[PDB]
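Q: The structure that follows is given in the form of structure tokens.
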Amino acid sequence: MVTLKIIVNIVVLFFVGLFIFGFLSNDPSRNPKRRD
Amino acid sequence: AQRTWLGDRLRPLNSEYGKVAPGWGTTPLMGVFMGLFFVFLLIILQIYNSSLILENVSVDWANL
Amino acid sequence: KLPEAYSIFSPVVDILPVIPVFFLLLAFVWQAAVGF
Amino acid sequence: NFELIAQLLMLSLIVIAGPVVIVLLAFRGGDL
Amino acid sequence: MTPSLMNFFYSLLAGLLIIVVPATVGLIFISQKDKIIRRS
Amino acid sequence: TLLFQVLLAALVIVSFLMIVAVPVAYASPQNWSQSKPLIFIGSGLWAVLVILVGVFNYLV
Amino acid sequence: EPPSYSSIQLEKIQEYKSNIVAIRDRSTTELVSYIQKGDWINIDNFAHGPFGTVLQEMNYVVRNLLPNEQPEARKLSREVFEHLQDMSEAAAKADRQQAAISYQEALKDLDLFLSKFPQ
Amino acid sequence: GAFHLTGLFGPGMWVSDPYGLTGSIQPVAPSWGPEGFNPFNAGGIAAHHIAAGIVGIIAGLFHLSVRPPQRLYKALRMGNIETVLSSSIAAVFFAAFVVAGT
Amino acid sequence: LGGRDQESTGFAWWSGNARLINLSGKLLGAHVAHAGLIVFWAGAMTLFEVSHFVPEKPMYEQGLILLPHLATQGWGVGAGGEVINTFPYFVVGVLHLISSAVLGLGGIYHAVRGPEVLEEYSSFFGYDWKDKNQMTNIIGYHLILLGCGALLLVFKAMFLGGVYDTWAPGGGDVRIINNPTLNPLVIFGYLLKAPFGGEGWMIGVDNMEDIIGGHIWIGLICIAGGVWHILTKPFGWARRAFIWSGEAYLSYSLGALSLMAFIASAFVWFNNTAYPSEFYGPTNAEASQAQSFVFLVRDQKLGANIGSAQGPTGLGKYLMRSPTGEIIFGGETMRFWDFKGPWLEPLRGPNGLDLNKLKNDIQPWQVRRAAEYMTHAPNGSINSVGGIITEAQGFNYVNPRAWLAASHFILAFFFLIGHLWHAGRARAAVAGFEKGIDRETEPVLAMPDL
Amino acid sequence: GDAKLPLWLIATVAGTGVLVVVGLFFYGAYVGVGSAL
Amino acid sequence: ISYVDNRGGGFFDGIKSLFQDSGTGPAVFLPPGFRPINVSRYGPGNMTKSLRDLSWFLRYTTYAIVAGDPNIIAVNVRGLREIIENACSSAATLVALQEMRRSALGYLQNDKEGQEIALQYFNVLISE
Ligand code: CLA
Ligand code: CLA
Ligand code: CLA
Ligand code: CLA
Ligand code: CLA
Ligand SMILES: CC1=C(/C=C/C(C)=C\C=C/C(C)=C/C=C/C=C(C)/C=C/C=C(C)/C=C/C2=C(C)CCCC2(C)C)C(C)(C)CCC1
Ligand SMILES: CC1=C(\C=C/C(C)=C/C=C/C(C)=C/C=C/C=C(C)/C=C/C=C(C)/C=C/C2=C(C)CCCC2(C)C)C(C)(C)CCC1
Ligand SMILES: [Ca+2]
């Protein structure tokens, strides 16, 4: 359960970690028009 | 003249040698920071002598 | 009775919050003349 | 009451004190 | 204000006002009058 | 303190004169030349009279 | 400007002085034995409690007593507070003879207030 | 200053009582007022290297960005290694007088 | 001949600013006339608050919200929440009402008589909404001044009188704070706490010295963030992570002001240190503990033993135990078992409410605050009605904790509306389809089938 | 007729004519027969 | 004179002061994809041809001002960029010559009459 808490705490920091440098790598250059 | 991985990261820190600001420069900024520093040295010399003794200082062995 | 010796201005300073609402409605009236 | 009507005087002066800045610009020819 | 601070602060008034400004005005308003000649 | 009627009663009628006369002066470019100065005598009266109600606040 | 406090002191101010005199003779108590032996947060019980009612009580020297000697009697009633700020905030110091000399200051001002103003 | 003498990530310096009896190690608080200028108060030595370090930061952050003037570079002979060495030794002597004193 | 029209700029009479997106001169006149209007409410609401004031009735009963903001800094508050001089509240609003004409003179000069653009005129003031060195200089001009306002409260604190403390011994008092907390383990550590009950991330900030330690560390990084953006550029990743237009800069800020007023809709509902209960009114967590406490000590006078009795339902009627061991007040007060106001902190023993000191150590001041805080619970009508909704409107008190907490939550949620609705137009500003998709090169017909 | 006057001007005085007769009703909840006073 | 037992020079062109909203010296912009080049990667024998050109870009500008005709600027510049396209950066030359122009017209803020003459003549050097 403390054995479980870190396993849930990994997967929140994995998915929010792959949200917070998701937008950081060009995210206004896949907006299908100019500068696509 | 031997290139390393080390020396290709510090040669832009040591690329120039005699690049110099123009005539008489930022001298009096350094002068007024010096005159503030000598006055600061003159204050602390007489804090310690107890000749610019203030209230609640008491430079003495009654301290923390 | 907030003032010290003002004491007749309890009528006038009572309304003084409400005038920023009147600043918005004047911008409709200024726009009602010229622009449409 | 005396200083209730002077309150509502100070209403009725100040409300239409707004649009008399607008009509005086709109009839002298000031650029609105 | 403490009676040994202001007794020190009157020196920084007077050590300025007697030694420094009669050195600075007392040098540059005589050296600028007697300018040296470079044209030989 | 009976002066504190007529000073601030003159302030409330001269600052009511500034809610209306300042967009007229600003509003008209043609008449701006005549009115440009009239704000420095306009607000300059309103400045020193707000200063004068300040000293007469403490004096009474 | 009123000299005669007929019912003004005898009902109010002689009960104003009576409630904090009652905390005073008690006050050589558990509280001194708290700073003798070993009880940190029951001093902060006492400073905001029985000494919380030594001060919120001792507050209306404005509202009952002699308005010419009122502005000299504020800071007499302020120094008793502000020394007792050092009593409750030396409990996070964890060294109970900075608080012990703070408590001896409350001998110098509380009964000096109680010696003063019988009016 | 901050990360060693104040208990944030480190133990404090030695501090005793006057008439030294119960001198042990505890993290001292950096006292910022004039009371930290008398050297018997240890709260100045924690407030030392925070305040001298922050102006040591704002010196070297400034000193990278600018260049010396040519009325100083030919005057102090700043291209030479020896001049710098002389300055350093002179400064060091000044620093050795204070710990001869204090 | 007219700057404003329908067909020269493509904007109607509504969306009634967007002529001013590229026009830089009258945009300054838009804000300074608006900043005169905020100061105009800021003086006159207080100048209406005084002269609708009485000094001997307590502060929260009249339904007034700026006079308790002034009483945090202690402008003539003696001891325990009574006021002694209302003239410090008279000077603060009239230095805003007189200053509103001076702020009003600028926003009417630049919007009418002044220039339309200033890039040519100054070369300092002008911007393109694309020059990335100049746009970060604008933020660096405000951050050095916002740090100067952040050291302005602590310079009121440590020198000029002091800030009011509700944790003063003897009810509440102003005091001059002599050591703000400089240790970052506790105060930057407040940011790393849980945002739920118990921990209370930015809300539970007891020992007022931690607040005045905050604006040390707020303004000393706002100065340090101020002088960064003067000297340097944004970074290379920051150039490609943001939208760089006249729009989005409002929407980056509108996302922040929506976030800031959610925090403002929790500082005034839960916190009892930055917002004192004797000026603003008691909280919902305060008044429900104040409900059970006066019925506890009412019982003490009667003499029934508190511990032995089992409520109507098996639990203790007065003193049961919380899930983590603190002996707390019983009934429906188990939700506010984290209550840490200034009264009943002399009932907090080692575990919690200790029964050695819960008997024989209730004070007559201690109950009469909770007697006042019971009936002054945050329970309003729309109009003036107070107390339970079912209850008749005998007396009126809206408790301006509650009456200001919902008012920001109107504006906190509405600023999340427009931030989201500007982020659509700002992202379509650089993408070029703010006016809709094209006729010919529709991008979805180029997309493959499903 | 040729006596036409700008509508916008009479848009104000009809609008504040509407505003004072609904502003009088919210005065009337606070004194009178329904006010519980 | 080699030596280096006291002297070495250079630099100057930095962050002194000024508040002025006057003297619009046609602002210079950087072309995109430009980075300032380091001397150590470039080469000392490669840059000694480079730095004498920067004096030579204005030495012929001073020649053309007293010549009264910008023909000598506009004939010794055509295709210089496609000569030096291999060695020098084409993007570094435009940003150097623009701020060479803008700093030169800042020196002509006092006369108020020849500043618009050299603004016509430096713009021949930029546009060619
Ligand atoms: C990781 C590095 C490291 C660490 C943590 C230590 C740690 C320590 N060393 Mg040590 N040491 C190191 C590297 C290190 N050493 C190296 C590399 C050398 C060789 C130079 C030494 C040589 C050495 C000696 C000879 C001694 C120590 C000693 C000590 C101990 C006490 C230090 C003391 O009294 O401070 C005294 C330090 C100072 C007074 C600092 C001098 C700096 C002056 C005051 C300022 C100079 C001007 C400034 C730079 C310019 C202005 C800056 C301004 C702008 C802010 C301490 C345990 C003592 C010991 O015996 O422990 C076993 C001791 O006598 N050290
Ligand atoms: C800091 C705040 C801020 C700022 C400066 C702006 C700035 C701007 N907004 Mg905007 N907006 C914001 C917040 C902000 N927004 C928020 C939070 C919302 C959500 C509510 C909106 C919703 C909004 C809309 C809905 C749109 C804009 C648009 C615009 C642009 C044109 C403005 C215009 O023509 O006004 C027009 C002003 C009006 C039509 C007046 C409306 C009056 C409302 C309905 C009154 C509401 C009741 C009010 C509280 C009074 C009640 C009185 C009571 C007695 C009943 C301009 C750049 C437009 C745009 O895209 O242009 C770029 C656009 O179409 N805004
Ligand atoms: C906070 C409110 C606010 C503010 C400060 C502004 C400000 C501005 N708007 Mg605006 N606007 C607003 C709300 C606001 N608006 C709302 C809610 C709407 C929707 C109805 C609009 C719709 C709108 C449109 C459609 C346009 C503007 C434009 C403008 C700008 C120039 C106005 C002009 O040239 O006419 C000057 C006005 C007059 C000459 C008329 C006289 C009215 C006077 C000046 C009112 C102030 C008097 C005051 C009481 C006296 C002060 C006292 C003194 C002592 C300080 C100006 C910056 C225009 C623009 O972009 O600029 C070209 C434009 O086209 N606005
Ligand atoms: C956000 C506020 C703001 C900003 C950015 C500007 C910006 C500008 N104004 Mg301006 N102005 C403002 C508010 C503002 N104004 C207000 C409120 C008024 C009414 C009093 C004016 C009245 C005004 C006039 C009458 C004129 C300008 C002009 C100008 C432009 C030229 C700048 C110049 O030469 O100044 C030079 C700067 C100074 C001489 C320094 C003065 C600094 C102040 C007064 C000292 C006090 C500082 C204060 C203590 C700081 C703390 C602030 C605190 C009180 C909140 C410039 C774009 C001119 C213009 O449009 O060009 C034709 C012009 O003629 N302004
Ligand atoms: C409110 C004032 C303010 C504003 C508007 C800006 C604005 C800006 N700063 Mg800045 N700055 C400020 C104050 C401010 N700064 C202060 C006070 C400092 C001193 C500490 C700095 C130090 C500074 C540097 C050192 C840098 C910037 C940078 C930037 C730029 C991009 C910001 C960015 O991408 O980071 C946004 C942050 C992230 C993308 C990281 C994620 C942050 C968290 C994890 C997201 C989740 C937060 C969560 C919702 C809330 C929980 C809080 C906490 C418990 C985690 C932008 C122009 C950058 C730049 O362009 O250089 C100039 C940059 O490198 N600033
Ligand atoms: C400080 C002061 C003062 C000043 C004041 C002011 C600031 C004024 C201004 C004012 C104003 C500025 C006002 C305004 C008003 C407005 C109005 C009055 C408007 C409107 C109304 C209405 C009702 C509307 C309507 C409508 C609508 C709804 C929309 C559409 C259109 C129409 C029109 C229909 C004085 C000295 C005097 C006094 C003392 C204090
Ligand atoms: C004294 C004080 C205090 C202390 C301290 C402080 C003052 C702190 C601050 C702190 C801080 C300083 C915080 C911060 C925060 C931050 C934020 C809130 C941010 C946000 C942002 C975002 C969220 C975004 C992101 C992103 C995305 C998502 C996408 C793109 C990219 C990016 C990254 C941009 C307290 C509280 C106790 C109280 C009182 C005052
Ligand atoms: Ca009034």
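Identifiers for the structure tokens are assigned positionally: chains receive A, B, ... in sequence, residues are indexed from 1 per chain, and ligands are indexed from 1 in the order shown.
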Which residues form the shell of 10 Å around ligand 1 when you count only C-alpha atoms and all ligand atoms, given as a PyMOL selection string?

A: chain H and resi 48-60+88+91-92+95-96+98-99

Q: Keeping C-alpha atoms, export the residues of the selection given above as an mmCIF file, in the first residue's frame.

A:
```cif
data_model
loop_
_atom_site.group_PDB
_atom_site.id
_atom_site.type_symbol
_atom_site.label_atom_id
_atom_site.label_comp_id
_atom_site.auth_asym_id
_atom_site.auth_seq_id
_atom_site.Cartn_x
_atom_site.Cartn_y
_atom_site.Cartn_z
ATOM 1 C CA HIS H 48 27.900 37.512 6.342
ATOM 2 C CA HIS H 49 28.219 35.173 3.449
ATOM 3 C CA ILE H 50 24.618 35.474 2.381
ATOM 4 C CA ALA H 51 24.998 39.229 2.018
ATOM 5 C CA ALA H 52 28.615 39.170 0.863
ATOM 6 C CA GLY H 53 27.858 36.200 -1.356
ATOM 7 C CA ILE H 54 24.928 37.919 -3.057
ATOM 8 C CA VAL H 55 27.104 40.897 -3.878
ATOM 9 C CA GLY H 56 29.797 38.416 -4.836
ATOM 10 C CA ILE H 57 27.220 37.047 -7.263
ATOM 11 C CA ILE H 58 26.251 40.492 -8.537
ATOM 12 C CA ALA H 59 29.921 41.371 -8.929
ATOM 13 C CA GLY H 60 30.801 38.376 -11.087
ATOM 14 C CA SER H 88 46.479 39.125 -4.900
ATOM 15 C CA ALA H 91 44.915 41.623 -0.762
ATOM 16 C CA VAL H 92 45.926 38.483 1.113
ATOM 17 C CA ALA H 95 43.061 39.350 4.898
ATOM 18 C CA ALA H 96 45.792 37.988 7.157
ATOM 19 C CA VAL H 98 42.089 40.516 10.352
ATOM 20 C CA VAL H 99 42.539 36.937 11.495
#
```

Q: I need the residues of chain K that end up classed as alpha helix (DSSP H) by DSSP on the backbone, written out as a PyMOL selection string.

A: chain K and resi 39-42+44-67+90-106+115-127

Q: Residues as selected, C-alpha atoms, written as a compact mmCIF listing (two decimals), in the first residue's frame, can you do that?

A:
```txt
# COMPACT_ATOMS: atom_id res chain seq x y z
CA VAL K 39 36.68 33.76 -33.84
CA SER K 40 38.27 30.48 -32.68
CA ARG K 41 36.21 28.36 -35.06
CA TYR K 42 36.77 30.90 -37.83
CA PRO K 44 42.93 34.23 -37.37
CA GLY K 45 44.20 34.16 -40.93
CA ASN K 46 40.61 33.90 -42.11
CA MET K 47 39.38 36.84 -40.08
CA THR K 48 42.22 39.22 -40.89
CA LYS K 49 40.70 39.50 -44.34
CA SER K 50 37.33 39.88 -42.67
CA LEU K 51 37.98 42.78 -40.32
CA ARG K 52 39.75 44.96 -42.88
CA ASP K 53 36.65 44.70 -45.07
CA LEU K 54 34.57 46.33 -42.33
CA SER K 55 36.75 49.42 -42.43
CA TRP K 56 36.72 49.16 -46.22
CA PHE K 57 32.92 49.20 -46.38
CA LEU K 58 32.89 52.65 -44.82
CA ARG K 59 36.17 53.88 -46.35
CA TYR K 60 34.50 53.72 -49.74
CA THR K 61 31.40 55.25 -48.19
CA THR K 62 33.51 58.21 -47.11
CA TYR K 63 34.98 58.26 -50.60
CA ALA K 64 31.55 58.35 -52.21
CA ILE K 65 30.26 61.16 -50.00
CA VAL K 66 32.93 63.61 -51.13
CA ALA K 67 32.68 62.20 -54.65
CA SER K 90 25.85 36.32 -46.04
CA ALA K 91 23.52 36.81 -43.09
CA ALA K 92 26.28 38.18 -40.86
CA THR K 93 27.15 40.89 -43.38
CA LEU K 94 23.66 42.39 -43.57
CA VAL K 95 23.30 42.79 -39.83
CA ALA K 96 26.82 44.21 -39.54
CA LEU K 97 26.36 46.78 -42.28
CA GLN K 98 22.94 47.83 -41.00
CA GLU K 99 24.23 48.65 -37.54
CA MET K 100 27.27 50.21 -39.16
CA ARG K 101 24.76 52.49 -40.89
CA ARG K 102 22.67 53.10 -37.77
CA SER K 103 25.64 53.94 -35.58
CA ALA K 104 27.04 56.28 -38.24
CA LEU K 105 23.81 58.26 -38.55
CA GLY K 106 23.76 58.51 -34.77
CA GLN K 115 22.35 62.88 -41.87
CA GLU K 116 19.75 62.49 -44.60
CA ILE K 117 22.54 62.58 -47.18
CA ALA K 118 24.37 59.62 -45.67
CA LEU K 119 21.06 57.83 -45.08
CA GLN K 120 20.64 57.96 -48.85
CA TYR K 121 24.20 56.75 -49.35
CA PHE K 122 24.36 53.98 -46.76
CA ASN K 123 21.08 52.64 -48.16
CA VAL K 124 22.84 52.16 -51.50
CA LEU K 125 25.37 50.01 -49.64
CA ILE K 126 22.62 47.94 -48.02
CA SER K 127 20.45 47.55 -51.12
```

Q: I'd like the contact shell of residue I:429 - 12 Å cut-off, only C-alpha atoms, skipping same-chain residues fewer than 2 positions apart - returned as a list in words.

A: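 Result of the neighbour search: residues 28, 31, 33 and 34 of chain A; 21, 243, 244, 245, 246, 247, 248, 422, 423, 424, 425, 426, 427, 431, 432, 433, 434, 435 and 436 of chain I.
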
Q: Give me the chain A side of the contact with ligand 5, cut-off 10 Å, one line per residue showing its nearest atom pair and distance in Å at one decimal, counting only C-alpha atoms and all ligand atoms, sorted by chain and residue number, as CSV.

A:
```
residue,atom,partner,partner_atom_place_in_ligand_line,distance
A:16,CA,ligand 5,46 (C),9.6
A:17,CA,ligand 5,44 (C),9.3
A:20,CA,ligand 5,41 (C),7.0
A:21,CA,ligand 5,39 (C),8.1
A:23,CA,ligand 5,39 (C),9.1
A:24,CA,ligand 5,39 (C),7.4
```

Q: Please produce an output containing N, CA, C and O atoms for each residue in the selection, written as an mmCIF file, in the first residue's frame.

A:
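After the write, part_25.cif holds the following:
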```cif
data_model
loop_
_atom_site.group_PDB
_atom_site.id
_atom_site.type_symbol
_atom_site.label_atom_id
_atom_site.label_comp_id
_atom_site.auth_asym_id
_atom_site.auth_seq_id
_atom_site.Cartn_x
_atom_site.Cartn_y
_atom_site.Cartn_z
ATOM 1 N N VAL A 16 1.668 13.028 -16.680
ATOM 2 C CA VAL A 16 1.770 14.483 -16.638
ATOM 3 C C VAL A 16 3.153 14.935 -17.086
ATOM 4 O O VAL A 16 3.301 16.054 -17.592
ATOM 5 N N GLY A 17 4.169 14.076 -16.946
ATOM 6 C CA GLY A 17 5.475 14.376 -17.498
ATOM 7 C C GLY A 17 5.450 14.324 -19.007
ATOM 8 O O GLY A 17 6.069 15.155 -19.674
ATOM 9 N N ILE A 20 3.719 17.741 -20.043
ATOM 10 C CA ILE A 20 4.321 19.037 -19.759
ATOM 11 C C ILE A 20 5.527 19.308 -20.650
ATOM 12 O O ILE A 20 5.840 20.476 -20.913
ATOM 13 N N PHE A 21 6.183 18.273 -21.183
ATOM 14 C CA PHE A 21 7.025 18.510 -22.345
ATOM 15 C C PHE A 21 6.457 17.845 -23.586
ATOM 16 O O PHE A 21 7.210 17.441 -24.475
ATOM 17 N N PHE A 23 3.634 19.717 -24.965
ATOM 18 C CA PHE A 23 3.371 21.023 -25.550
ATOM 19 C C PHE A 23 4.633 21.843 -25.735
ATOM 20 O O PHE A 23 4.645 22.758 -26.562
ATOM 21 N N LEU A 24 5.690 21.534 -24.982
ATOM 22 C CA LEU A 24 6.934 22.293 -25.034
ATOM 23 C C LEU A 24 7.691 22.097 -26.336
ATOM 24 O O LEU A 24 8.548 22.916 -26.678
#
```

Q: Within 9 Å of chain D, which residues belong to chain F? Use only C-alpha atoms and report them as an MDAnalysis selection string.

A: chainID F and resid 16 19:21 23:24 27:30

Q: Deliver the residues from the most recent selection as a file, using N, CA, C and O atoms, as a short mmCIF file (atom, residue, chain, number, x, y, z; two decimals), in the first residue's frame.

A:
```
data_model
loop_
_atom_site.label_atom_id
_atom_site.label_comp_id
_atom_site.auth_asym_id
_atom_site.auth_seq_id
_atom_site.Cartn_x
_atom_site.Cartn_y
_atom_site.Cartn_z
N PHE F 16 -17.06 69.34 -10.33
CA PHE F 16 -18.16 69.08 -11.26
C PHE F 16 -17.95 69.86 -12.55
O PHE F 16 -18.43 69.45 -13.61
N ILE F 19 -15.58 67.42 -14.65
CA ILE F 19 -16.10 66.19 -15.25
C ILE F 19 -16.67 66.49 -16.64
O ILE F 19 -16.77 65.58 -17.47
N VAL F 20 -16.98 67.74 -16.96
CA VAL F 20 -17.64 68.09 -18.20
C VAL F 20 -16.74 68.90 -19.14
O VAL F 20 -16.78 68.69 -20.35
N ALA F 21 -15.88 69.79 -18.63
CA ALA F 21 -15.14 70.68 -19.52
C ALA F 21 -13.86 70.07 -20.07
O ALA F 21 -13.31 70.59 -21.04
N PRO F 23 -13.42 66.73 -21.40
CA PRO F 23 -13.59 66.14 -22.74
C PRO F 23 -14.01 67.11 -23.82
O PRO F 23 -13.87 66.77 -25.01
N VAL F 24 -14.51 68.29 -23.47
CA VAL F 24 -14.79 69.29 -24.49
C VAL F 24 -13.49 69.88 -25.00
O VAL F 24 -13.30 70.06 -26.22
N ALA F 27 -11.77 67.02 -26.70
CA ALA F 27 -12.55 66.60 -27.85
C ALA F 27 -12.38 67.43 -29.11
O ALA F 27 -12.31 66.88 -30.20
N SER F 28 -12.29 68.75 -28.98
CA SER F 28 -12.18 69.58 -30.17
C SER F 28 -10.78 70.06 -30.50
O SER F 28 -10.19 70.86 -29.77
N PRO F 29 -10.24 69.59 -31.63
CA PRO F 29 -8.92 69.96 -32.14
C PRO F 29 -8.87 71.43 -32.55
O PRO F 29 -7.87 72.11 -32.31
N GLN F 30 -9.93 71.91 -33.18
CA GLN F 30 -9.99 73.29 -33.65
C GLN F 30 -9.93 74.32 -32.53
O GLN F 30 -9.25 75.34 -32.65
#
```

Q: So how many Å separate atom CA of residue I:262 and atom CA of residue I:412, to one decimal?

A: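 Going from atom CA of residue I:262 over to atom CA of residue I:412 covers 5.7 Å.
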
Q: Kindly provide, as an MDAnalysis selection string, all nucleotide and amino acid residues lying within 7 Å of ligand 3, counting only C-alpha atoms and all ligand atoms.

A: (chainID C and resid 24 27:28 30:31) or (chainID D and resid 18 21:22 31:32) or (chainID F and resid 18:20 22:23 27) or (chainID I and resid 3:5 12:20 26:27 29:31 33:34 101:102 104:105 108 111:112)

Q: Put those residues in a file: C-alpha atoms, as a PDB file, in the first residue's frame.

A:
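Final output, again_10.pdb:
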```
ATOM      1  CA  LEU C  24     -19.997  51.565 -18.465  1.00  0.00           C
ATOM      2  CA  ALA C  27     -19.919  53.959 -23.271  1.00  0.00           C
ATOM      3  CA  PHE C  28     -23.146  52.608 -24.737  1.00  0.00           C
ATOM      4  CA  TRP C  30     -21.360  57.481 -26.648  1.00  0.00           C
ATOM      5  CA  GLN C  31     -21.516  54.563 -29.045  1.00  0.00           C
TER       6      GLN C  31
ATOM      7  CA  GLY D  18     -23.020  62.032 -18.172  1.00  0.00           C
ATOM      8  CA  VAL D  21     -20.999  65.621 -22.420  1.00  0.00           C
ATOM      9  CA  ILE D  22     -22.214  63.505 -25.341  1.00  0.00           C
ATOM     10  CA  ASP D  31     -15.324  64.416 -33.377  1.00  0.00           C
ATOM     11  CA  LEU D  32     -17.059  61.830 -31.196  1.00  0.00           C
TER      12      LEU D  32
ATOM     13  CA  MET F  18     -14.003  69.307 -14.573  1.00  0.00           C
ATOM     14  CA  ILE F  19     -16.098  66.190 -15.254  1.00  0.00           C
ATOM     15  CA  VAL F  20     -17.644  68.092 -18.201  1.00  0.00           C
ATOM     16  CA  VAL F  22     -12.136  68.361 -19.925  1.00  0.00           C
ATOM     17  CA  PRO F  23     -13.594  66.136 -22.740  1.00  0.00           C
ATOM     18  CA  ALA F  27     -12.552  66.597 -27.851  1.00  0.00           C
TER      19      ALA F  27
ATOM     20  CA  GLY I   3     -10.039  55.316 -37.181  1.00  0.00           C
ATOM     21  CA  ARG I   4     -13.111  53.520 -35.906  1.00  0.00           C
ATOM     22  CA  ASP I   5     -15.634  52.159 -38.391  1.00  0.00           C
ATOM     23  CA  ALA I  12     -18.294  45.834 -35.317  1.00  0.00           C
ATOM     24  CA  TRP I  13     -19.481  48.078 -32.495  1.00  0.00           C
ATOM     25  CA  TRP I  14     -19.238  45.048 -30.257  1.00  0.00           C
ATOM     26  CA  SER I  15     -15.869  43.432 -29.854  1.00  0.00           C
ATOM     27  CA  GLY I  16     -15.288  47.040 -28.924  1.00  0.00           C
ATOM     28  CA  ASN I  17     -11.618  47.192 -28.421  1.00  0.00           C
ATOM     29  CA  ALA I  18      -9.995  45.198 -31.246  1.00  0.00           C
ATOM     30  CA  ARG I  19      -9.317  48.335 -33.253  1.00  0.00           C
ATOM     31  CA  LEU I  20      -6.790  48.933 -30.428  1.00  0.00           C
ATOM     32  CA  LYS I  26      -4.740  54.915 -27.306  1.00  0.00           C
ATOM     33  CA  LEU I  27      -4.232  51.449 -25.796  1.00  0.00           C
ATOM     34  CA  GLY I  29      -5.177  55.540 -22.725  1.00  0.00           C
ATOM     35  CA  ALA I  30      -7.439  52.510 -22.418  1.00  0.00           C
ATOM     36  CA  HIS I  31      -5.639  51.148 -19.369  1.00  0.00           C
ATOM     37  CA  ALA I  33      -8.467  55.478 -17.823  1.00  0.00           C
ATOM     38  CA  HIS I  34      -9.339  52.015 -16.574  1.00  0.00           C
ATOM     39  CA  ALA I 101      -8.535  62.510 -11.292  1.00  0.00           C
ATOM     40  CA  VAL I 102      -4.772  62.483 -11.897  1.00  0.00           C
ATOM     41  CA  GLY I 104      -8.073  59.954 -15.128  1.00  0.00           C
ATOM     42  CA  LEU I 105      -6.229  62.800 -16.866  1.00  0.00           C
ATOM     43  CA  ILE I 108      -8.300  60.687 -21.494  1.00  0.00           C
ATOM     44  CA  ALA I 111      -7.189  58.084 -25.895  1.00  0.00           C
ATOM     45  CA  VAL I 112      -8.296  61.337 -27.518  1.00  0.00           C
TER      46      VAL I 112
END
```

Q: Grab me every residue within 6 Å of ligand 7, counting only C-alpha atoms and all ligand atoms, and send it over as a ChimeraX atom specification.

A: /A:20,23-24 /I:187-188,190,202,211,213-215,217-218

Q: Using only C-alpha atoms, please write the residues we just selected to a file, as a PDB file, in the first residue's frame.

A:
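Output file part00.pdb follows:
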```
ATOM      1  CA  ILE A  20       4.321  19.037 -19.759  1.00  0.00           C
ATOM      2  CA  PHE A  23       3.371  21.023 -25.550  1.00  0.00           C
ATOM      3  CA  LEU A  24       6.934  22.293 -25.034  1.00  0.00           C
TER       4      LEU A  24
ATOM      5  CA  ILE I 187       7.880  28.636   3.598  1.00  0.00           C
ATOM      6  CA  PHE I 188       8.793  27.288   0.184  1.00  0.00           C
ATOM      7  CA  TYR I 190       4.228  25.408   2.061  1.00  0.00           C
ATOM      8  CA  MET I 202      -1.357  27.951   0.643  1.00  0.00           C
ATOM      9  CA  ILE I 211       3.030  35.763   6.024  1.00  0.00           C
ATOM     10  CA  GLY I 213       8.247  36.181   5.879  1.00  0.00           C
ATOM     11  CA  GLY I 214       6.474  35.519   2.582  1.00  0.00           C
ATOM     12  CA  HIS I 215       6.659  39.040   1.231  1.00  0.00           C
ATOM     13  CA  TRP I 217      10.705  36.054  -0.325  1.00  0.00           C
ATOM     14  CA  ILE I 218       8.053  37.261  -2.776  1.00  0.00           C
TER      15      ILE I 218
END
```

Q: Taking 3 positions as the minimum chain separation for residues in the same chain, which residues sit within 12 Å of residue B:20 when counting only C-alpha atoms? Answer as number ranges by chain.

A: B: 16-17, 23-26; H: 65-74, 78-79; K: 7-14
